[PDB]
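Data from upload-v8.txt: compact mmCIF, N, CA, C and O atoms
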```txt
# COMPACT_ATOMS: atom_id res chain seq x y z
N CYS A 1 11.46 82.43 -65.97
CA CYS A 1 11.33 82.30 -64.52
C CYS A 1 10.00 82.88 -64.02
O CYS A 1 9.94 83.87 -63.30
N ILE A 2 8.91 82.23 -64.47
CA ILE A 2 7.58 82.31 -63.86
C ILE A 2 7.02 80.88 -63.86
O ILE A 2 7.44 80.03 -64.64
N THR A 3 6.08 80.64 -62.95
CA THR A 3 5.60 79.30 -62.62
C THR A 3 4.33 78.91 -63.36
O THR A 3 3.49 78.18 -62.82
N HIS A 4 4.18 79.35 -64.60
CA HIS A 4 3.07 78.96 -65.45
C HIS A 4 3.48 77.71 -66.23
O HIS A 4 3.52 77.68 -67.46
N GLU A 5 3.82 76.67 -65.48
CA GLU A 5 4.26 75.40 -66.06
C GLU A 5 3.06 74.46 -66.16
O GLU A 5 2.89 73.50 -65.40
N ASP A 6 2.25 74.73 -67.16
CA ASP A 6 1.09 73.93 -67.51
C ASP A 6 1.20 73.48 -68.95
O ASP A 6 0.36 73.76 -69.80
N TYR A 7 2.34 72.86 -69.23
CA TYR A 7 2.61 72.16 -70.48
C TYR A 7 2.31 70.67 -70.44
O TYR A 7 2.44 70.03 -71.48
N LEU A 8 1.94 70.10 -69.31
CA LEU A 8 1.66 68.67 -69.32
C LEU A 8 0.59 68.34 -68.30
O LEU A 8 0.62 68.86 -67.18
N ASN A 9 -0.31 67.43 -68.69
CA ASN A 9 -1.42 66.94 -67.88
C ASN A 9 -2.26 68.10 -67.34
O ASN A 9 -2.31 68.38 -66.14
N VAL A 10 -2.88 68.81 -68.28
CA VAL A 10 -3.82 69.86 -67.94
C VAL A 10 -5.16 69.18 -67.70
O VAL A 10 -5.89 68.87 -68.63
N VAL A 11 -5.45 68.90 -66.43
CA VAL A 11 -6.77 68.40 -66.08
C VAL A 11 -7.56 69.53 -65.43
O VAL A 11 -7.52 69.74 -64.22
N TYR A 12 -8.28 70.27 -66.26
CA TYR A 12 -9.21 71.25 -65.75
C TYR A 12 -10.61 71.03 -66.29
O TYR A 12 -11.45 71.92 -66.24
N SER A 13 -10.87 69.84 -66.81
CA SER A 13 -12.18 69.23 -66.63
C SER A 13 -12.29 68.97 -65.14
O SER A 13 -11.72 67.99 -64.66
N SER A 14 -13.09 69.78 -64.44
CA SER A 14 -12.83 70.29 -63.09
C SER A 14 -12.05 69.42 -62.10
O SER A 14 -11.16 69.94 -61.44
N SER A 15 -12.38 68.13 -62.00
CA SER A 15 -11.62 67.13 -61.23
C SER A 15 -11.45 67.51 -59.76
O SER A 15 -10.34 67.70 -59.27
N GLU A 16 -12.57 67.63 -59.05
CA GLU A 16 -12.54 67.98 -57.64
C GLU A 16 -12.04 66.79 -56.83
O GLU A 16 -12.73 65.77 -56.74
N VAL A 17 -10.88 66.91 -56.23
CA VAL A 17 -10.38 65.86 -55.36
C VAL A 17 -10.71 66.23 -53.92
O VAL A 17 -10.47 67.36 -53.50
N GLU A 18 -11.27 65.29 -53.18
CA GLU A 18 -11.59 65.46 -51.78
C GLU A 18 -10.69 64.59 -50.92
O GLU A 18 -10.04 63.67 -51.41
N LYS A 19 -10.64 64.91 -49.63
CA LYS A 19 -10.16 64.02 -48.59
C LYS A 19 -11.04 64.23 -47.38
O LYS A 19 -11.63 65.30 -47.21
N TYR A 20 -11.13 63.21 -46.54
CA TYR A 20 -11.89 63.37 -45.30
C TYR A 20 -11.30 62.43 -44.26
O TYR A 20 -11.78 61.30 -44.11
N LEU A 21 -10.32 62.90 -43.52
CA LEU A 21 -9.77 62.12 -42.43
C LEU A 21 -10.62 62.36 -41.19
O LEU A 21 -11.20 63.43 -41.02
N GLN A 22 -10.69 61.35 -40.33
CA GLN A 22 -11.58 61.44 -39.18
C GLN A 22 -11.12 60.45 -38.12
O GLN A 22 -11.11 59.25 -38.37
N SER A 23 -10.76 60.95 -36.94
CA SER A 23 -10.46 60.08 -35.82
C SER A 23 -11.48 60.32 -34.72
O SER A 23 -12.32 61.21 -34.82
N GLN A 24 -11.40 59.51 -33.67
CA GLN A 24 -12.41 59.53 -32.62
C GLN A 24 -11.87 58.80 -31.41
O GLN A 24 -11.35 57.69 -31.54
N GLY A 25 -12.02 59.40 -30.23
CA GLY A 25 -11.65 58.75 -28.99
C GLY A 25 -12.80 58.82 -28.00
O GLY A 25 -13.58 59.77 -28.02
N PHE A 26 -12.89 57.80 -27.16
CA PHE A 26 -14.11 57.63 -26.37
C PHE A 26 -13.82 56.68 -25.22
O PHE A 26 -13.49 55.52 -25.45
N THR A 27 -13.95 57.15 -23.99
CA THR A 27 -13.98 56.25 -22.85
C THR A 27 -15.33 56.36 -22.18
O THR A 27 -16.19 57.13 -22.61
N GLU A 28 -15.50 55.61 -21.11
CA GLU A 28 -16.79 55.47 -20.44
C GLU A 28 -16.53 54.84 -19.09
O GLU A 28 -15.49 54.21 -18.88
N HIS A 29 -17.45 55.04 -18.15
CA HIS A 29 -17.33 54.42 -16.84
C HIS A 29 -18.72 54.27 -16.24
O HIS A 29 -19.64 55.02 -16.58
N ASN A 30 -18.86 53.30 -15.34
CA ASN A 30 -20.10 53.09 -14.61
C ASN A 30 -19.79 52.66 -13.19
O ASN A 30 -18.72 52.12 -12.91
N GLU A 31 -20.74 52.92 -12.30
CA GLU A 31 -20.73 52.38 -10.94
C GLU A 31 -22.19 52.14 -10.56
O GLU A 31 -22.93 53.09 -10.35
N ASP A 32 -22.59 50.88 -10.48
CA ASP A 32 -23.99 50.54 -10.23
C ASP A 32 -24.06 49.72 -8.95
O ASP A 32 -23.70 48.54 -8.96
N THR A 33 -24.53 50.32 -7.87
CA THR A 33 -24.64 49.65 -6.58
C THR A 33 -26.09 49.59 -6.17
O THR A 33 -26.76 50.63 -6.10
N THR A 34 -26.59 48.39 -5.90
CA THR A 34 -27.91 48.21 -5.31
C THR A 34 -27.74 47.63 -3.91
O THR A 34 -26.65 47.19 -3.54
N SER A 35 -28.83 47.63 -3.15
CA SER A 35 -28.84 46.99 -1.84
C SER A 35 -30.27 46.69 -1.45
O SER A 35 -31.07 47.61 -1.28
N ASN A 36 -30.59 45.41 -1.31
CA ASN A 36 -31.92 44.95 -0.92
C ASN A 36 -31.98 44.76 0.59
O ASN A 36 -30.98 44.45 1.23
N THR A 37 -33.18 44.97 1.13
CA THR A 37 -33.56 44.55 2.48
C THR A 37 -34.98 44.02 2.42
O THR A 37 -35.86 44.68 1.86
N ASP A 38 -35.22 42.84 2.99
CA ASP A 38 -36.55 42.26 3.00
C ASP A 38 -36.69 41.21 4.09
O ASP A 38 -35.78 40.43 4.33
N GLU A 39 -37.86 41.19 4.72
CA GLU A 39 -38.18 40.24 5.77
C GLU A 39 -39.63 39.81 5.62
O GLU A 39 -40.45 40.52 5.05
N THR A 40 -39.92 38.61 6.13
CA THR A 40 -41.23 38.01 6.00
C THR A 40 -41.72 37.55 7.36
O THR A 40 -40.98 37.57 8.35
N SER A 41 -42.98 37.11 7.39
CA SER A 41 -43.58 36.47 8.55
C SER A 41 -44.84 35.77 8.07
O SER A 41 -45.37 36.06 7.00
N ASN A 42 -45.33 34.84 8.89
CA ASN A 42 -46.57 34.14 8.59
C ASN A 42 -47.20 33.62 9.89
O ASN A 42 -46.71 33.89 10.99
N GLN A 43 -48.28 32.86 9.73
CA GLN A 43 -48.92 32.14 10.82
C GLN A 43 -49.66 30.97 10.19
O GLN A 43 -50.09 31.05 9.04
N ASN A 44 -49.81 29.90 10.95
CA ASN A 44 -50.24 28.64 10.36
C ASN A 44 -51.28 27.94 11.22
O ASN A 44 -51.09 26.81 11.66
N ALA A 45 -52.37 28.64 11.54
CA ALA A 45 -53.44 28.04 12.33
C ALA A 45 -54.10 26.92 11.54
O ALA A 45 -54.86 27.17 10.61
N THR A 46 -53.78 25.68 11.91
CA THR A 46 -54.31 24.49 11.26
C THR A 46 -55.14 23.69 12.24
O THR A 46 -55.03 23.87 13.46
N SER A 47 -55.94 22.78 11.70
CA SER A 47 -56.78 21.90 12.51
C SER A 47 -57.23 20.73 11.67
O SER A 47 -57.25 20.79 10.43
N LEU A 48 -57.62 19.66 12.36
CA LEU A 48 -58.24 18.50 11.75
C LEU A 48 -59.03 17.79 12.83
O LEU A 48 -58.55 17.65 13.96
N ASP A 49 -60.24 17.34 12.49
CA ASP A 49 -61.12 16.67 13.44
C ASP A 49 -61.51 15.33 12.85
O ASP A 49 -62.55 15.21 12.21
N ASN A 50 -60.68 14.31 13.07
CA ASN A 50 -61.00 12.96 12.63
C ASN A 50 -62.10 12.37 13.51
O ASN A 50 -62.36 12.84 14.62
N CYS B 1 11.15 95.20 -48.70
CA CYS B 1 10.48 95.04 -47.41
C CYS B 1 8.96 95.19 -47.55
O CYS B 1 8.34 96.12 -47.04
N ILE B 2 8.37 94.23 -48.28
CA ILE B 2 6.95 93.90 -48.25
C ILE B 2 6.86 92.37 -48.28
O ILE B 2 7.78 91.68 -48.71
N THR B 3 5.73 91.86 -47.78
CA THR B 3 5.56 90.44 -47.49
C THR B 3 4.86 89.67 -48.60
O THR B 3 4.11 88.73 -48.33
N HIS B 4 5.12 90.03 -49.84
CA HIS B 4 4.61 89.31 -51.00
C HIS B 4 5.63 88.24 -51.39
O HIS B 4 6.18 88.21 -52.48
N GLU B 5 5.92 87.36 -50.43
CA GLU B 5 6.89 86.28 -50.62
C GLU B 5 6.15 85.02 -51.04
O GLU B 5 5.95 84.06 -50.29
N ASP B 6 5.77 85.01 -52.31
CA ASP B 6 5.14 83.89 -52.96
C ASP B 6 5.94 83.49 -54.17
O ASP B 6 5.48 83.48 -55.31
N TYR B 7 7.22 83.24 -53.91
CA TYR B 7 8.16 82.65 -54.84
C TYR B 7 8.30 81.14 -54.73
O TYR B 7 9.02 80.56 -55.54
N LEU B 8 7.67 80.49 -53.76
CA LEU B 8 7.83 79.04 -53.69
C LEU B 8 6.57 78.41 -53.12
O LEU B 8 6.00 78.93 -52.16
N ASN B 9 6.21 77.27 -53.70
CA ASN B 9 5.05 76.46 -53.33
C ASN B 9 3.78 77.31 -53.32
O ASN B 9 3.16 77.58 -52.29
N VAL B 10 3.42 77.79 -54.51
CA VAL B 10 2.18 78.51 -54.71
C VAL B 10 1.10 77.45 -54.91
O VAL B 10 0.93 76.91 -56.01
N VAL B 11 0.40 77.10 -53.84
CA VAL B 11 -0.75 76.22 -53.96
C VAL B 11 -2.01 77.06 -53.82
O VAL B 11 -2.53 77.28 -52.73
N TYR B 12 -2.50 77.53 -54.96
CA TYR B 12 -3.80 78.19 -54.99
C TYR B 12 -4.73 77.53 -56.00
O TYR B 12 -5.73 78.12 -56.39
N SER B 13 -4.41 76.31 -56.41
CA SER B 13 -5.45 75.34 -56.67
C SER B 13 -6.09 75.07 -55.31
O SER B 13 -5.51 74.32 -54.52
N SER B 14 -7.30 75.59 -55.09
CA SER B 14 -7.76 76.18 -53.83
C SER B 14 -7.25 75.60 -52.51
O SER B 14 -6.89 76.38 -51.63
N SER B 15 -7.22 74.27 -52.37
CA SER B 15 -6.60 73.56 -51.24
C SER B 15 -7.16 74.00 -49.88
O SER B 15 -6.45 74.53 -49.04
N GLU B 16 -8.45 73.76 -49.69
CA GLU B 16 -9.10 74.12 -48.44
C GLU B 16 -8.67 73.15 -47.35
O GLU B 16 -9.03 71.97 -47.39
N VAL B 17 -7.94 73.63 -46.36
CA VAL B 17 -7.57 72.79 -45.23
C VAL B 17 -8.55 73.06 -44.10
O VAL B 17 -8.83 74.22 -43.77
N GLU B 18 -9.08 72.00 -43.51
CA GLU B 18 -9.98 72.08 -42.38
C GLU B 18 -9.31 71.54 -41.13
O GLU B 18 -8.29 70.86 -41.21
N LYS B 19 -9.89 71.87 -39.98
CA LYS B 19 -9.64 71.18 -38.73
C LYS B 19 -10.96 71.12 -37.99
O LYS B 19 -11.84 71.96 -38.21
N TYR B 20 -11.10 70.13 -37.12
CA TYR B 20 -12.31 70.07 -36.31
C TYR B 20 -11.97 69.36 -35.00
O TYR B 20 -12.13 68.14 -34.89
N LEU B 21 -11.55 70.12 -34.01
CA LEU B 21 -11.31 69.55 -32.70
C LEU B 21 -12.61 69.53 -31.93
O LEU B 21 -13.49 70.38 -32.14
N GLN B 22 -12.75 68.56 -31.03
CA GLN B 22 -14.02 68.38 -30.34
C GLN B 22 -13.78 67.60 -29.06
O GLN B 22 -13.33 66.46 -29.13
N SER B 23 -14.09 68.19 -27.92
CA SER B 23 -14.05 67.47 -26.66
C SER B 23 -15.45 67.39 -26.09
O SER B 23 -16.39 67.98 -26.62
N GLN B 24 -15.58 66.66 -24.98
CA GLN B 24 -16.90 66.38 -24.42
C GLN B 24 -16.73 65.86 -23.01
O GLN B 24 -15.91 64.96 -22.78
N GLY B 25 -17.50 66.39 -22.08
CA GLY B 25 -17.50 65.90 -20.71
C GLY B 25 -18.94 65.63 -20.27
O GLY B 25 -19.87 66.29 -20.71
N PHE B 26 -19.07 64.64 -19.40
CA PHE B 26 -20.41 64.11 -19.12
C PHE B 26 -20.37 63.31 -17.83
O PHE B 26 -19.66 62.30 -17.76
N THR B 27 -21.12 63.73 -16.82
CA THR B 27 -21.35 62.87 -15.68
C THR B 27 -22.84 62.57 -15.61
O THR B 27 -23.62 63.03 -16.43
N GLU B 28 -23.21 61.81 -14.59
CA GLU B 28 -24.57 61.29 -14.46
C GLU B 28 -24.72 60.78 -13.04
O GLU B 28 -23.73 60.51 -12.37
N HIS B 29 -25.97 60.70 -12.58
CA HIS B 29 -26.22 60.16 -11.25
C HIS B 29 -27.63 59.59 -11.21
O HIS B 29 -28.50 60.01 -11.98
N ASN B 30 -27.86 58.64 -10.32
CA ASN B 30 -29.17 58.06 -10.11
C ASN B 30 -29.37 57.76 -8.63
O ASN B 30 -28.41 57.58 -7.89
N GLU B 31 -30.63 57.72 -8.22
CA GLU B 31 -31.04 57.22 -6.90
C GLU B 31 -32.38 56.55 -7.09
O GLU B 31 -33.38 57.23 -7.32
N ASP B 32 -32.42 55.23 -7.00
CA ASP B 32 -33.64 54.48 -7.27
C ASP B 32 -34.00 53.68 -6.02
O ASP B 32 -33.35 52.67 -5.72
N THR B 33 -35.02 54.12 -5.30
CA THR B 33 -35.45 53.46 -4.07
C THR B 33 -36.87 52.96 -4.25
O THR B 33 -37.77 53.75 -4.58
N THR B 34 -37.08 51.67 -4.04
CA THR B 34 -38.41 51.10 -3.98
C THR B 34 -38.68 50.61 -2.57
O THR B 34 -37.77 50.53 -1.74
N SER B 35 -39.94 50.28 -2.29
CA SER B 35 -40.31 49.68 -1.01
C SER B 35 -41.63 48.96 -1.18
O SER B 35 -42.65 49.59 -1.45
N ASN B 36 -41.61 47.65 -1.00
CA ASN B 36 -42.79 46.80 -1.09
C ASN B 36 -43.42 46.62 0.28
O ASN B 36 -42.73 46.64 1.30
N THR B 37 -44.74 46.45 0.29
CA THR B 37 -45.50 45.95 1.43
C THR B 37 -46.57 45.01 0.89
O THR B 37 -47.29 45.36 -0.05
N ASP B 38 -46.68 43.82 1.48
CA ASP B 38 -47.68 42.85 1.05
C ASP B 38 -47.96 41.82 2.13
O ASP B 38 -47.04 41.36 2.81
N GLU B 39 -49.23 41.45 2.26
CA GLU B 39 -49.67 40.46 3.22
C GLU B 39 -50.75 39.60 2.59
O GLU B 39 -51.42 40.02 1.65
N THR B 40 -50.88 38.38 3.09
CA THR B 40 -51.80 37.39 2.55
C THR B 40 -52.65 36.82 3.67
O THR B 40 -52.42 37.08 4.85
N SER B 41 -53.63 36.02 3.26
CA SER B 41 -54.46 35.24 4.17
C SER B 41 -55.16 34.17 3.35
O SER B 41 -55.26 34.28 2.12
N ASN B 42 -55.67 33.15 4.03
CA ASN B 42 -56.43 32.09 3.37
C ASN B 42 -57.35 31.42 4.38
O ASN B 42 -57.46 31.84 5.54
N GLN B 43 -58.02 30.36 3.92
CA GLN B 43 -58.83 29.49 4.76
C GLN B 43 -58.89 28.14 4.06
O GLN B 43 -58.80 28.07 2.84
N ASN B 44 -59.03 27.08 4.84
CA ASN B 44 -58.81 25.74 4.31
C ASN B 44 -59.87 24.77 4.78
O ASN B 44 -59.57 23.76 5.41
N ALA B 45 -61.14 25.10 4.56
CA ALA B 45 -62.24 24.21 4.95
C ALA B 45 -62.17 22.93 4.12
O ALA B 45 -62.52 22.92 2.95
N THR B 46 -61.70 21.86 4.75
CA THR B 46 -61.56 20.56 4.11
C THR B 46 -62.46 19.54 4.80
O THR B 46 -62.92 19.76 5.92
N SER B 47 -62.68 18.43 4.11
CA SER B 47 -63.50 17.35 4.65
C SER B 47 -63.22 16.08 3.86
O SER B 47 -62.75 16.12 2.72
N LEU B 48 -63.55 14.95 4.49
CA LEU B 48 -63.51 13.65 3.85
C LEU B 48 -64.45 12.74 4.62
O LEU B 48 -64.45 12.77 5.86
N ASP B 49 -65.23 11.94 3.91
CA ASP B 49 -66.20 11.04 4.53
C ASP B 49 -65.92 9.63 4.02
O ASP B 49 -66.53 9.19 3.04
N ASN B 50 -65.01 8.93 4.68
CA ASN B 50 -64.74 7.54 4.33
C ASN B 50 -65.89 6.65 4.79
O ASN B 50 -66.70 7.02 5.64
```

Output the structure of this file as structure tokens.
Amino acid sequence: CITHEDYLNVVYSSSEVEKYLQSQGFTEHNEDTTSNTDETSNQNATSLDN
Amino acid sequence: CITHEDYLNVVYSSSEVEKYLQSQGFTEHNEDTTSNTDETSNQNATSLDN
């Protein structure tokens, strides 16, 4: 009654086992408001002398 | 009455357990104001000699 039960499958040719679990959560939000204002004017001084 | 209770599930084949919790908060703001000014002019000296 001791736990030195290494009578089968002695793998100590080092055998480094890894694990790498990885989760990720991500939300996002935007609010993009523009507002234009624009006005024009001109003048059209024309002439013709037939 | 000592706490050397290692009679069951002796996992000291090293068994490194990790955790990595990670939160993140992020706001942002913008204010983008433009303002155009522009004016034109021309002249139209034309002629025809039929």

Exercise for the section: Would you kindly report the residues of chain B within 7 Å of chain A, using only N, CA, C and O atoms, as number ranges by chain? Expected result: B: 20, 22, 32, 38, 44

Practice task
Take atom N of residue 9 in chain A and atom C of residue 14 in chain B and report the distance between them in Å, one decimal.
Solution key: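 Computing it gives 19.4 Å between the two atoms.
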
Completion exercise
Expressed in Å, the length from atom O of residue 11 in chain A to atom N of residue 11 in chain B is 15.0 Å

N, CA and C atoms of range 28-49 of chain A from block above, as an mmCIF file, in the first residue's frame:
```
data_model
loop_
_atom_site.group_PDB
_atom_site.id
_atom_site.type_symbol
_atom_site.label_atom_id
_atom_site.label_comp_id
_atom_site.auth_asym_id
_atom_site.auth_seq_id
_atom_site.Cartn_x
_atom_site.Cartn_y
_atom_site.Cartn_z
ATOM 1 N N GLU A 28 -18.313 45.528 -30.147
ATOM 2 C CA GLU A 28 -17.870 46.778 -30.745
ATOM 3 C C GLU A 28 -19.114 47.601 -31.026
ATOM 4 N N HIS A 29 -18.943 48.916 -31.139
ATOM 5 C CA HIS A 29 -20.061 49.782 -31.474
ATOM 6 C C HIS A 29 -19.526 51.041 -32.138
ATOM 7 N N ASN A 30 -20.365 51.673 -32.954
ATOM 8 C CA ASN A 30 -20.026 52.932 -33.597
ATOM 9 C C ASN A 30 -21.257 53.815 -33.668
ATOM 10 N N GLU A 31 -21.025 55.121 -33.738
ATOM 11 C CA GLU A 31 -22.055 56.108 -34.053
ATOM 12 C C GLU A 31 -21.379 57.204 -34.856
ATOM 13 N N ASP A 32 -21.678 57.290 -36.143
ATOM 14 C CA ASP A 32 -21.000 58.239 -37.020
ATOM 15 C C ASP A 32 -22.050 59.154 -37.633
ATOM 16 N N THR A 33 -22.113 60.393 -37.164
ATOM 17 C CA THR A 33 -23.081 61.365 -37.655
ATOM 18 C C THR A 33 -22.342 62.528 -38.289
ATOM 19 N N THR A 34 -22.659 62.823 -39.540
ATOM 20 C CA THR A 34 -22.180 64.023 -40.205
ATOM 21 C C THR A 34 -23.362 64.939 -40.474
ATOM 22 N N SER A 35 -23.060 66.177 -40.858
ATOM 23 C CA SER A 35 -24.097 67.118 -41.273
ATOM 24 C C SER A 35 -23.461 68.205 -42.118
ATOM 25 N N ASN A 36 -23.858 68.286 -43.380
ATOM 26 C CA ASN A 36 -23.367 69.281 -44.321
ATOM 27 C C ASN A 36 -24.292 70.488 -44.332
ATOM 28 N N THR A 37 -23.705 71.652 -44.600
ATOM 29 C CA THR A 37 -24.411 72.873 -44.971
ATOM 30 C C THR A 37 -23.615 73.555 -46.071
ATOM 31 N N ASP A 38 -24.285 73.947 -47.152
ATOM 32 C CA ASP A 38 -23.611 74.627 -48.253
ATOM 33 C C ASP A 38 -24.598 75.392 -49.116
ATOM 34 N N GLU A 39 -24.172 76.567 -49.565
ATOM 35 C CA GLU A 39 -24.970 77.424 -50.422
ATOM 36 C C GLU A 39 -24.067 78.071 -51.456
ATOM 37 N N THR A 40 -24.660 78.436 -52.588
ATOM 38 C CA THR A 40 -23.935 78.988 -53.716
ATOM 39 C C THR A 40 -24.595 80.278 -54.169
ATOM 40 N N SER A 41 -23.925 80.951 -55.101
ATOM 41 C CA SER A 41 -24.458 82.115 -55.793
ATOM 42 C C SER A 41 -23.605 82.344 -57.029
ATOM 43 N N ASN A 42 -24.139 83.121 -57.968
ATOM 44 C CA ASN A 42 -23.399 83.477 -59.173
ATOM 45 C C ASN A 42 -23.951 84.780 -59.745
ATOM 46 N N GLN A 43 -23.430 85.153 -60.912
ATOM 47 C CA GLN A 43 -23.926 86.268 -61.700
ATOM 48 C C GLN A 43 -23.538 85.998 -63.142
ATOM 49 N N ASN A 44 -24.331 86.500 -64.077
ATOM 50 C CA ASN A 44 -24.215 86.057 -65.458
ATOM 51 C C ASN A 44 -24.296 87.229 -66.428
ATOM 52 N N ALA A 45 -23.441 88.230 -66.241
ATOM 53 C CA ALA A 45 -23.423 89.383 -67.141
ATOM 54 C C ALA A 45 -22.969 88.938 -68.523
ATOM 55 N N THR A 46 -23.922 88.834 -69.446
ATOM 56 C CA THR A 46 -23.675 88.411 -70.815
ATOM 57 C C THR A 46 -24.020 89.537 -71.773
ATOM 58 N N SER A 47 -23.525 89.411 -73.000
ATOM 59 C CA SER A 47 -23.790 90.390 -74.043
ATOM 60 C C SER A 47 -23.472 89.781 -75.395
ATOM 61 N N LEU A 48 -24.060 90.376 -76.427
ATOM 62 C CA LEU A 48 -23.757 90.041 -77.810
ATOM 63 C C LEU A 48 -24.148 91.241 -78.657
ATOM 64 N N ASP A 49 -23.305 91.594 -79.619
ATOM 65 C CA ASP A 49 -23.539 92.746 -80.483
ATOM 66 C C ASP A 49 -23.481 92.267 -81.929
#
```
